[PDB]
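Below you'll find the structure, written out as structure tokens, and then a few comments.
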Amino acid sequence: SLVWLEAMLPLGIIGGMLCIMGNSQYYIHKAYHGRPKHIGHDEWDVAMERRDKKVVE
Amino acid sequence: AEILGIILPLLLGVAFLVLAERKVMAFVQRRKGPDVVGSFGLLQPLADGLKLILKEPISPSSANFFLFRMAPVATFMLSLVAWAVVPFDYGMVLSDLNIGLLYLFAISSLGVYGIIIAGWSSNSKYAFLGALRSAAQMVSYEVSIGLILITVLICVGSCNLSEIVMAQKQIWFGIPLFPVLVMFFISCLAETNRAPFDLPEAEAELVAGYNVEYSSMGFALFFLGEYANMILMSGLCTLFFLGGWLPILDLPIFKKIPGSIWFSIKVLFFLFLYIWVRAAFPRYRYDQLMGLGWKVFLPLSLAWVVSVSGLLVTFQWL
Amino acid sequence: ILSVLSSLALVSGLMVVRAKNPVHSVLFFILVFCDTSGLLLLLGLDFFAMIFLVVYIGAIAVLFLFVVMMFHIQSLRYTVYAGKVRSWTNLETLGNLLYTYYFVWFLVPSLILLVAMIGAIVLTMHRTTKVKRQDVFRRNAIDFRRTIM
Amino acid sequence: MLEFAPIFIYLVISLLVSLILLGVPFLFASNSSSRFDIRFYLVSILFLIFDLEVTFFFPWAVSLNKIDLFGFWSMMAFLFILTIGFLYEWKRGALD
Amino acid sequence: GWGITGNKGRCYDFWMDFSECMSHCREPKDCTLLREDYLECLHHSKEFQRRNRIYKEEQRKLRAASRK
Amino acid sequence: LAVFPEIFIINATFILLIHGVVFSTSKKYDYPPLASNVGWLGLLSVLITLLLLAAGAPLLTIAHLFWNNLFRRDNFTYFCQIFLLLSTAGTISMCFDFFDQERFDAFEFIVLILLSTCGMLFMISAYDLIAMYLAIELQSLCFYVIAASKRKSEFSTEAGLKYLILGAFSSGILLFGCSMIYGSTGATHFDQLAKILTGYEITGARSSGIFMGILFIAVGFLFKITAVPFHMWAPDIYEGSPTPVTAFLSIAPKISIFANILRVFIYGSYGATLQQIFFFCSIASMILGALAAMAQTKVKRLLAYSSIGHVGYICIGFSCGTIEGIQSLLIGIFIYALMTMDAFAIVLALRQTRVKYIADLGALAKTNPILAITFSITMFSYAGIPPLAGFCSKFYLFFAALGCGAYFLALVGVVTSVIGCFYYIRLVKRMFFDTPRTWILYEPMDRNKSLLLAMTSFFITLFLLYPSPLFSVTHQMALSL
Amino acid sequence: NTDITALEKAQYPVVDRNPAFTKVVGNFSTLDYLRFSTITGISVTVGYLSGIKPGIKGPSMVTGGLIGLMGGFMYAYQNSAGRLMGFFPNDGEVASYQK
Amino acid sequence: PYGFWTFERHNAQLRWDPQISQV
Amino acid sequence: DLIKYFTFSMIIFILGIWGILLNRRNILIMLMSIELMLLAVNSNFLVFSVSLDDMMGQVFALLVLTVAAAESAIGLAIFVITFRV
Amino acid sequence: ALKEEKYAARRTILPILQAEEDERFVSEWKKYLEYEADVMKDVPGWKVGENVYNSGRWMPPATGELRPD
Amino acid sequence: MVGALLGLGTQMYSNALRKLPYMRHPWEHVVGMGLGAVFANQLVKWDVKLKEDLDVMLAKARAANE
Amino acid sequence: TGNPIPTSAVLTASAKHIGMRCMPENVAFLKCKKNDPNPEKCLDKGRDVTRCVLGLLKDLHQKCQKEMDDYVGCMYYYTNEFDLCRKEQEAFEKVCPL
Ligand SMILES: CCCCCCCCCCCCCCCCCC(=O)OC[C@H](COP(=O)([O-])OCC(O)COP(=O)([O-])OC[C@@H](COC(=O)CCCCCCCCCCCCCCCCC)OC(=O)CCCCCCCCCCCCCCCCC)OC(=O)CCCCCCCCCCCCCCCCC
């Protein structure tokens, strides 16, 4: 029986909202910056980003 | 900014969670839930909303507007700002804090303020003592959630939530520490009120237990807050213990493995578990409840920090 | 501009010592702690910011709010790329010390938290348990049955 | 710290969102349609103590490969003192 | 003698130099050069006073050239 | 090893705390009052420690793991710690009456005294600003608790509350001193802070951070030992709180904080620059002791001001950094502690009275005349009457002040001690030769106070006949610093 | 790191610097076993006599015995260690010269 | 009382070190 | 800039001691100022640990956190007991 | 093992980054010295140009508290 | 030694302070004080030995005449 | 990316090769720095390490220049995060330099 699907549908359109919570703030940040977000972004990476934007002149 | 892309979909998530709870908890009771308003009650949340918005106040009372007209705003802003650090997929956290977990702990410690203030501004002795009892409960199952997170933290390297969900590539912490998931769920049930643990939320004592000046906006914002706090505290039982956005890793040909879809599936499982466990179990009375957070989920949480610390120190698994 | 906004903490600290309405006192107390945590964030001490939040404005000023509500009163830098290859989060570089090298200054705050538990118990049990809920302690063989008042 | 600016603006944008959620009902719908419970101080002080001890758990949790078997035992001594305090509170009966 | 991110602190080296001196020198002076070195690391008082004198003389010259 | 005095008194406190809590909350034993049973085992956990501590005299310095990190034990810490446990032994012993007669089922007062004694054992051996502060606050927190213990009479509650305020504010001052010193030096360990503060000469060399730091540390301490310009509540603290907790926070924190001062102010920072505030504090403390003692009535508050004045008479031994001065200060702590344990043992023998002044103290020459003899002996000892021990304390202190060239300090000391001698001679006369004044009768004291009063009365009178052991002990402690 | 190097150390001839537990306790002289035995007795007695008043004679005796075991054992350990190490009289060097 | 270096030189190599772990 | 982050903490501490001196009448403000000055020395330790680049400051700041918190616990519990029933 | 791989890569590229930073900082230091000797004019100012060591050791010049945070 | 006489006094003085008469077997436990006096004199000797050691250490210190 | 500009991506991408080769220059630079941290005193060893490493890059960008371009495309896309594309890491290493 597929009767539970009617009750699954609100959980779907609440799951289709966390997918949007996750991908919106990803493809919005993937737009402002040409690259995805870096999670383990320690100070080594901010220093290398500084010197990198200073290397491309 | 892109905070809209995490608050608006979360607002829709809460609005549709009121319907998901009514509908699932109804299906449990052998009855279709909201089913006439929308095609399948899908518009029922919008109907509840647009009704609460169009309801004339009982008394205007816009004078007292700085005391308790911003306290529901505070509760809701906290329930919504604890969503920043929650990562939905690799590099989809809004702000990867290297101390993310402790920040969630602090957000809870401020939700305590939210409850206490929004209960004190209600000049009702019964309602204020109810809000104080609810705050003491939410804060007594916070030492147990604290120690449960110390367990899942010992297993992981750092508090970075993206790391805690990246530290489960080998196995979800739900499989070895299943007894802990049961304690985090039974605490997240009790930290939030929506649970077998909701005597302050006994159907009547809840409405007369948060404020005196409703105006509808207060009623909706508390319930929108409780349902976001619930989506959050279910989005934690799925980062820490279940694999945050990790598949089972069988790498199917049918499945292209989207991340946020897996995080969504798991948080749906835990939301459905919230509902199912609200339907099938009696309330705990707040006098056995507080005697379950201290005498049951604190000893069984302390033991777990010593067990998952020991078994990981002896054999160098750290 | 948020650097100099410690003036908010500065004025809110002047409020708590110059306020007769206790609700304003505790509110500006919480404000002082929030701005002090903002400061501790600007310094990069992330762990201490969250610890200020938790153990101050989720516990201590919670206590104080309780005491108000009830019991009313009436260019040229040279970044050295060594030591950045492995950035130690503040928790890791507090745990590398507090639990192994200076561990007795950590077992003594253990005793201070234990003394705080014993103190909150012996003080605010308020004769509500075995402290006096033992019994009224009235015995029969030691009574004279009021025949002679 | 660098990643704290998104939540720094999050607080303010969520303030805006909640203010709009507040003003929406206000605009529509025009003219026509116990002396003291000290156990709440005991529970509160006890949460204070246990959250202090969780604060002490956090660095020991995240740095446990560094402190090989000595930081672990020092934390277990701290935790045995926690447990003695908690057993004195359980027996005395503050958990009720 | 630790550091906020490990890595020998900033001047645990200067303190080791000032301690090895105070170890095998019989007087508090003749080991005071190292002490001033170490306090210079700590508070940067010498460096900051020199930078401020530089900027102060520059500013005085600039104001004397501007207002005259 | 090297923490076996601490490892034990921490395990023993837990064994007592669990043993006490399980029984007091027991239906089978009819919820018995576990005081005087967790006691007795309490004061034995002290004596077994005092036996664990005195025996392992070379073993206390058995590791380096503790040295440059946590705490450094040496001969000074060893001898001063054998004294704290001995002075904690007297203080628990005198309370045994206060547990049975006075209705106290609260045993954890004992386990809190034991935890405070561990905090003080870690104060004496504290050798780092962080350890000094942590142990200071452990003992101060146990004492705030056990001074706010009596919840029936509101007089003890507000006294304990102002004690908590005064102690927390004193600790805040002390901690700001620790902050300024650390922030201006980058080193908290006394072994490290010593190397920096050689040739600091604040009044000659511009160092404002370290100066304000040492000043705030000295102010916090002089708050803790309740010296004159910062006592500020100490009379009400000793008067309002119960008598045995007064006997505790009045003699043991003095010993411990004074040993801690000898550590930080004679090794961590050695200069004539800081001891000026202690010189001023000594002057005004002897002044205030003499005058306020002349002014007071309540025997508890009279002992409060007498203890403030005697703490003053101590600091003149610190007002000069010569070995003779430090040894005079140590002699002064032992003869002030044993005499204060005696005075408080006497005040505890008179449980029958309520808060009552020297007039109600009268008639003791008639009722229990041997107790009146002992009380006159103790009060004379405070005054410094030659044939007693307090005279030896004050006299060696004044001789150290003279040998240190502080002739004016010796002068103010002698005039204040002569004022005190007159006042206490007049008190003894008024108690003995006249003033019957209402004849309040007392239940007899128990053996525990009896032996402590008797042995201490013997120590005070038969001291000059053998001062070699104590003088050797204190001179060795001064050399060790 | 740690090291058992001591201040005022080796005043008597060391037998085994830094003795391992299960050896320093297997070195208990018939005096140590007589110190660990008298302390446990004086602690059981003060633990029984103390508890006759509140009716807890048995369990207070047991907890006094626990305190005595801990204390007297740590004292016997202090003695046998300062003996094995160079801190105490240490006449038990025959145990090394013979074995 | 110069009891610091005897521990510093003793444990400097393990952690809290600028450049030794690098090469 | 260290002076800006220290003298501000220094005068927060001065505010605490000032409120101590004035409010000898009201005790809840007394405890407020106690925790104030135990922050202005705590934030002081953190600032001086970032400046000196030394970790002893933060260790001591954490221990002062979990000691001033127990102090506030016992303080407020004593204050609640002081307002007897 | 992944973190050790990442740290090995970082330590391996560390000398090149540090050489680039050495060249850049020494150029900025040369220009700062040629600015000092120019703002001081060398007769009234610091009769020794750099003289920053203050003992036998070099340190990066000076800054605020924590920029990388 | 004199410790025996002192103990009988400490015990008798104790009896005089509790109001009890001067009688019992604790006057035979004052022999323990005789042991105590012998130990105290023994500790005086040991103590002056250690103090002479610390004093020759000090004489070695303090510039050693330079 | 482009000419062998020692960007962040192209450096953390070739760090395996910069480890196998140019190890003497790196260890010499590190030996200097651990000897004395003044930047001038081994400006020459800095030129030496930078010389051999720019040479190593110009080498890697000759043979397998398309492979050494997809991998740096990775390392710029995912900021120097290795696990995010092991496919490009292998294809680049397998074709020419192991
Ligand atoms: C020139 C002739 C020379 C002849 C040779 C002399 C040879 C030696 C002579 C005797 C030496 C000492 C004997 C043992 C100590 C006696 C203690 C005492 O006086 O107890 C008073 C005590 C007063 O209270 P109570 O009547 O027991 O009732 C309890 C109250 O209800 C209490 O109030 P509550 O109801 O609230 O209960 C609380 C409880 C609370 O109780 C406690 O917390 C008690 C804790 C006290 C501290 C530890 C005491 C036990 C261990 C002592 C130390 C042993 C190591 C060596 C000595 C170390 C330094 C003292 O209070 C108690 O009273 C508990 C029991 C009190 C007695 C505790 C001590 C006795 C048991 C252990 C015996 C140790 C013997 C030491 C030997 C000394 C010499 C080496 O009464 C008795 O015990 C009477 C019966 C016992 C004595 C029998 C007769 C004497 C036997 C030997 C005579 C041999 C000499 C003959 C001479 C002839 C010419 C004159």
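All residue names refer to the structure tokens as shown: chains lettered A, B, ... in order, residues numbered from 1 in each chain, ligands numbered from 1 in order.
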List every residue of range 199-382 of chain F that DSSP, applied to the backbone, labels as alpha helix (DSSP H), and write the result as a count of residues only.
131
Non-local contacts of residue 13 in chain I (7 Å; only C-alpha atoms; under 2 positions in same chain excluded) as a ChimeraX atom specification:
/I:9-11,15-17,36-37,40
Can those selected residues be exported to a file as a PDB file, in the first residue's frame so that it contains N, CA and C atoms?
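Saved as again.pdb:
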```
ATOM      1  N   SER I   9      39.449  47.710  29.681  1.00  0.00           N
ATOM      2  CA  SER I   9      39.237  46.717  30.728  1.00  0.00           C
ATOM      3  C   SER I   9      39.592  47.277  32.097  1.00  0.00           C
ATOM      4  N   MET I  10      40.650  48.085  32.170  1.00  0.00           N
ATOM      5  CA  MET I  10      41.032  48.686  33.444  1.00  0.00           C
ATOM      6  C   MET I  10      39.911  49.555  33.998  1.00  0.00           C
ATOM      7  N   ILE I  11      39.260  50.342  33.143  1.00  0.00           N
ATOM      8  CA  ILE I  11      38.191  51.194  33.646  1.00  0.00           C
ATOM      9  C   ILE I  11      36.872  50.442  33.791  1.00  0.00           C
ATOM     10  N   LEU I  15      34.966  50.627  37.194  1.00  0.00           N
ATOM     11  CA  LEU I  15      33.517  50.677  37.359  1.00  0.00           C
ATOM     12  C   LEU I  15      33.048  49.635  38.361  1.00  0.00           C
ATOM     13  N   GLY I  16      33.631  48.440  38.307  1.00  0.00           N
ATOM     14  CA  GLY I  16      33.248  47.404  39.252  1.00  0.00           C
ATOM     15  C   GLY I  16      33.560  47.783  40.688  1.00  0.00           C
ATOM     16  N   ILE I  17      34.781  48.262  40.930  1.00  0.00           N
ATOM     17  CA  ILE I  17      35.160  48.653  42.287  1.00  0.00           C
ATOM     18  C   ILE I  17      34.378  49.885  42.733  1.00  0.00           C
ATOM     19  N   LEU I  36      31.496  41.782  37.372  1.00  0.00           N
ATOM     20  CA  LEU I  36      32.033  42.760  36.437  1.00  0.00           C
ATOM     21  C   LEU I  36      33.547  42.837  36.544  1.00  0.00           C
ATOM     22  N   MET I  37      34.062  43.053  37.753  1.00  0.00           N
ATOM     23  CA  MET I  37      35.504  43.154  37.930  1.00  0.00           C
ATOM     24  C   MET I  37      36.207  41.821  37.731  1.00  0.00           C
ATOM     25  N   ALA I  40      36.537  42.064  33.939  1.00  0.00           N
ATOM     26  CA  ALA I  40      37.541  43.035  33.529  1.00  0.00           C
ATOM     27  C   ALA I  40      38.952  42.577  33.850  1.00  0.00           C
TER      28      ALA I  40
END
```
Nearby residues (only C-alpha atoms) at most 12 Å from residue 61 in chain K, same-chain spacing under 6 positions excluded, as a PDB file with N, CA and C atoms, in the first residue's frame:
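Writing done, so here's selection30.pdb:
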```
ATOM      1  N   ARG E  26      76.184  35.638  38.061  1.00  0.00           N
ATOM      2  CA  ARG E  26      76.069  35.832  39.503  1.00  0.00           C
ATOM      3  C   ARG E  26      75.363  37.134  39.867  1.00  0.00           C
TER       4      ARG E  26
ATOM      5  N   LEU F 479      65.324  31.046  56.117  1.00  0.00           N
ATOM      6  CA  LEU F 479      66.480  30.747  55.225  1.00  0.00           C
ATOM      7  C   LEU F 479      65.984  30.100  53.929  1.00  0.00           C
TER       8      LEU F 479
ATOM      9  N   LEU K  54      71.918  24.999  56.553  1.00  0.00           N
ATOM     10  CA  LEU K  54      71.433  26.126  55.762  1.00  0.00           C
ATOM     11  C   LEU K  54      72.271  27.375  55.997  1.00  0.00           C
ATOM     12  N   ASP K  55      72.831  27.528  57.198  1.00  0.00           N
ATOM     13  CA  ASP K  55      73.638  28.705  57.497  1.00  0.00           C
ATOM     14  C   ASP K  55      74.998  28.638  56.819  1.00  0.00           C
TER      15      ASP K  55
END
```
Close residues, residue 50 in chain K itself excluded, 10 Å, only C-alpha atoms, min 6 positions apart in chain, as a ChimeraX atom specification:
/F:472-473,476 /K:44,56
How would you write, as a ChimeraX atom specification, the set of residues no farther than 8 Å from ligand 1 when counting only C-alpha atoms and all ligand atoms?
/F:36-37,40-41,100 /G:38,42,45-53 /K:24-29,31-32
May I have the residues from that selection written out with N, CA, C and O atoms, as an mmCIF file, in the first residue's frame?
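Below is the file selection-v5.cif, written as the result:
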```cif
data_model
loop_
_atom_site.group_PDB
_atom_site.id
_atom_site.type_symbol
_atom_site.label_atom_id
_atom_site.label_comp_id
_atom_site.auth_asym_id
_atom_site.auth_seq_id
_atom_site.Cartn_x
_atom_site.Cartn_y
_atom_site.Cartn_z
ATOM 1 N N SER F 36 30.071 14.926 63.638
ATOM 2 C CA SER F 36 30.795 14.248 64.706
ATOM 3 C C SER F 36 31.025 12.773 64.411
ATOM 4 O O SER F 36 31.628 12.083 65.236
ATOM 5 N N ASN F 37 30.552 12.263 63.283
ATOM 6 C CA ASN F 37 31.020 10.990 62.754
ATOM 7 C C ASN F 37 31.767 11.160 61.447
ATOM 8 O O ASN F 37 32.718 10.423 61.186
ATOM 9 N N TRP F 40 35.759 13.653 63.463
ATOM 10 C CA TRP F 40 36.391 12.462 64.068
ATOM 11 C C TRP F 40 37.063 11.690 62.953
ATOM 12 O O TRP F 40 38.264 11.524 63.045
ATOM 13 N N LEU F 41 36.351 11.291 61.913
ATOM 14 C CA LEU F 41 37.064 10.679 60.777
ATOM 15 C C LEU F 41 37.606 11.929 60.101
ATOM 16 O O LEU F 41 38.670 11.872 59.488
ATOM 17 N N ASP F 100 27.451 18.434 68.224
ATOM 18 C CA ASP F 100 26.470 17.696 69.010
ATOM 19 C C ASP F 100 25.493 18.632 69.706
ATOM 20 O O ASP F 100 24.285 18.589 69.447
ATOM 21 N N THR G 38 48.805 -0.331 61.989
ATOM 22 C CA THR G 38 48.370 0.474 63.122
ATOM 23 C C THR G 38 47.541 1.665 62.679
ATOM 24 O O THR G 38 46.639 2.085 63.407
ATOM 25 N N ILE G 42 43.816 2.426 64.064
ATOM 26 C CA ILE G 42 43.438 3.676 64.766
ATOM 27 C C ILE G 42 42.378 4.356 63.930
ATOM 28 O O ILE G 42 41.805 5.315 64.418
ATOM 29 N N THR G 45 39.039 1.984 64.624
ATOM 30 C CA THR G 45 38.512 2.313 65.952
ATOM 31 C C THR G 45 37.845 3.685 65.916
ATOM 32 O O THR G 45 36.667 3.743 66.246
ATOM 33 N N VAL G 46 38.510 4.744 65.455
ATOM 34 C CA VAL G 46 37.896 6.100 65.520
ATOM 35 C C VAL G 46 36.729 6.067 64.570
ATOM 36 O O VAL G 46 35.954 6.995 64.559
ATOM 37 N N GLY G 47 36.694 5.048 63.743
ATOM 38 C CA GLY G 47 35.561 4.910 62.827
ATOM 39 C C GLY G 47 34.453 4.102 63.434
ATOM 40 O O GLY G 47 33.370 4.124 62.873
ATOM 41 N N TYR G 48 34.722 3.389 64.522
ATOM 42 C CA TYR G 48 33.611 2.679 65.177
ATOM 43 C C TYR G 48 33.200 3.527 66.353
ATOM 44 O O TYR G 48 32.054 3.909 66.435
ATOM 45 N N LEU G 49 34.150 3.962 67.148
ATOM 46 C CA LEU G 49 33.720 4.676 68.356
ATOM 47 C C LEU G 49 32.944 5.886 67.885
ATOM 48 O O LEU G 49 32.075 6.316 68.612
ATOM 49 N N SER G 50 33.317 6.462 66.755
ATOM 50 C CA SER G 50 32.679 7.719 66.308
ATOM 51 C C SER G 50 31.242 7.438 65.983
ATOM 52 O O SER G 50 30.407 8.269 66.317
ATOM 53 N N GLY G 51 30.975 6.275 65.418
ATOM 54 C CA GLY G 51 29.632 5.983 64.911
ATOM 55 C C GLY G 51 28.727 5.293 65.888
ATOM 56 O O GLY G 51 27.590 5.034 65.531
ATOM 57 N N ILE G 52 29.161 5.051 67.112
ATOM 58 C CA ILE G 52 28.197 4.453 68.029
ATOM 59 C C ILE G 52 27.094 5.444 68.371
ATOM 60 O O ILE G 52 25.955 5.046 68.638
ATOM 61 N N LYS G 53 27.402 6.744 68.361
ATOM 62 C CA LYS G 53 26.385 7.730 68.721
ATOM 63 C C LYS G 53 25.270 7.813 67.686
ATOM 64 O O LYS G 53 24.095 7.696 68.073
ATOM 65 N N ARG K 24 41.925 9.429 87.104
ATOM 66 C CA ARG K 24 41.699 8.457 85.992
ATOM 67 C C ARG K 24 42.971 7.814 85.452
ATOM 68 O O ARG K 24 44.024 8.056 86.024
ATOM 69 N N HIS K 25 42.866 7.041 84.373
ATOM 70 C CA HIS K 25 44.031 6.363 83.737
ATOM 71 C C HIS K 25 44.735 7.229 82.694
ATOM 72 O O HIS K 25 45.860 6.873 82.380
ATOM 73 N N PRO K 26 44.169 8.311 82.116
ATOM 74 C CA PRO K 26 44.912 9.192 81.218
ATOM 75 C C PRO K 26 46.174 9.812 81.834
ATOM 76 O O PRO K 26 47.095 10.080 81.104
ATOM 77 N N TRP K 27 46.248 9.919 83.167
ATOM 78 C CA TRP K 27 47.503 10.392 83.812
ATOM 79 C C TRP K 27 48.620 9.374 83.566
ATOM 80 O O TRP K 27 49.786 9.719 83.800
ATOM 81 N N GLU K 28 48.268 8.142 83.198
ATOM 82 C CA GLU K 28 49.311 7.141 82.855
ATOM 83 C C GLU K 28 49.578 7.198 81.349
ATOM 84 O O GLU K 28 50.537 6.544 80.900
ATOM 85 N N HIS K 29 48.753 7.937 80.600
ATOM 86 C CA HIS K 29 49.005 8.115 79.147
ATOM 87 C C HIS K 29 49.855 9.372 78.947
ATOM 88 O O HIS K 29 50.207 9.668 77.792
ATOM 89 N N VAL K 31 52.728 9.447 79.817
ATOM 90 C CA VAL K 31 54.037 8.846 79.434
ATOM 91 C C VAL K 31 54.175 9.121 77.938
ATOM 92 O O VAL K 31 55.314 9.312 77.479
ATOM 93 N N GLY K 32 53.049 9.170 77.217
ATOM 94 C CA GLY K 32 53.089 9.531 75.788
ATOM 95 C C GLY K 32 53.691 10.914 75.625
ATOM 96 O O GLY K 32 54.471 11.095 74.679
#
```
Once you count only C-alpha atoms, which residues of chain D turn out to be within 8 Å of chain F? Could you give them as a list in words?
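Matching residues, ligands excluded from the count: residues 84, 87, 88, 91 and 92 of chain D.
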Please identify every residue of chain E that has at least one atom no farther than 10 Å from an atom of chain J, counting only C-alpha atoms, and for each give the shortest atom pair and the distance in Å to one decimal, arranged by chain then increasing number, as a tab-separated table.
```
residue	atom	partner	partner_atom	distance
E:10	CA	J:59	CA	9.2
E:11	CA	J:59	CA	9.3
E:13	CA	J:57	CA	9.7
E:14	CA	J:57	CA	8.8
E:33	CA	J:55	CA	7.3
E:34	CA	J:55	CA	7.3
E:36	CA	J:54	CA	8.2
E:37	CA	J:55	CA	6.2
E:38	CA	J:55	CA	9.6
E:40	CA	J:54	CA	8.2
E:41	CA	J:59	CA	8.4
E:43	CA	J:62	CA	10.0
E:44	CA	J:62	CA	7.2
E:46	CA	J:54	CA	8.5
E:47	CA	J:62	CA	7.0
E:48	CA	J:62	CA	7.6
E:50	CA	J:52	CA	9.1
E:51	CA	J:62	CA	9.3
E:53	CA	J:45	CA	9.4
E:54	CA	J:36	CA	7.4
E:55	CA	J:39	CA	8.9
E:57	CA	J:39	CA	7.8
E:58	CA	J:39	CA	6.2
E:59	CA	J:39	CA	9.9
E:61	CA	J:39	CA	8.8
```
Just need the residues of chain F within 8 Å of chain G, counting only C-alpha atoms, so spit them out as a PyMOL selection string.
chain F and resi 1+4+8+12+15-16+19+23+29+32-34+36-37+40-41+44-45+48-49+51-52+55-56+58-59+61-65
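Within 12 Å of chain C, chain L contributes the residues residues 12, 30, 33, 34, 37, 38 and 39 of chain L, using only C-alpha atoms.
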For the residues selected in the previous step, produce a file with N, CA, C and O atoms as a PDB file, in the first residue's frame.
```pdb
ATOM      1  N   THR L  12      50.234  24.135  -4.249  1.00  0.00           N
ATOM      2  CA  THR L  12      49.739  22.997  -3.485  1.00  0.00           C
ATOM      3  C   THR L  12      49.364  21.824  -4.380  1.00  0.00           C
ATOM      4  O   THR L  12      49.125  20.726  -3.871  1.00  0.00           O
ATOM      5  N   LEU L  30      65.232  25.743   5.041  1.00  0.00           N
ATOM      6  CA  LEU L  30      64.735  25.515   6.392  1.00  0.00           C
ATOM      7  C   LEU L  30      65.873  25.474   7.403  1.00  0.00           C
ATOM      8  O   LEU L  30      65.718  25.942   8.534  1.00  0.00           O
ATOM      9  N   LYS L  33      66.669  29.064   8.091  1.00  0.00           N
ATOM     10  CA  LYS L  33      65.644  29.723   8.894  1.00  0.00           C
ATOM     11  C   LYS L  33      65.694  29.263  10.344  1.00  0.00           C
ATOM     12  O   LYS L  33      65.550  30.073  11.265  1.00  0.00           O
ATOM     13  N   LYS L  34      65.906  27.967  10.571  1.00  0.00           N
ATOM     14  CA  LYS L  34      66.026  27.473  11.934  1.00  0.00           C
ATOM     15  C   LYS L  34      67.352  27.869  12.559  1.00  0.00           C
ATOM     16  O   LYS L  34      67.491  27.800  13.785  1.00  0.00           O
ATOM     17  N   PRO L  37      66.345  33.581  11.987  1.00  0.00           N
ATOM     18  CA  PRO L  37      65.164  33.913  11.181  1.00  0.00           C
ATOM     19  C   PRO L  37      65.213  35.281  10.525  1.00  0.00           C
ATOM     20  O   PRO L  37      64.175  35.786  10.091  1.00  0.00           O
ATOM     21  N   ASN L  38      66.377  35.899  10.453  1.00  0.00           N
ATOM     22  CA  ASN L  38      66.472  37.164   9.738  1.00  0.00           C
ATOM     23  C   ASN L  38      66.326  36.901   8.244  1.00  0.00           C
ATOM     24  O   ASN L  38      67.019  36.031   7.705  1.00  0.00           O
ATOM     25  N   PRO L  39      65.435  37.610   7.550  1.00  0.00           N
ATOM     26  CA  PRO L  39      65.174  37.280   6.139  1.00  0.00           C
ATOM     27  C   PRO L  39      66.379  37.438   5.231  1.00  0.00           C
ATOM     28  O   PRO L  39      66.531  36.657   4.284  1.00  0.00           O
TER      29      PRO L  39
END
```
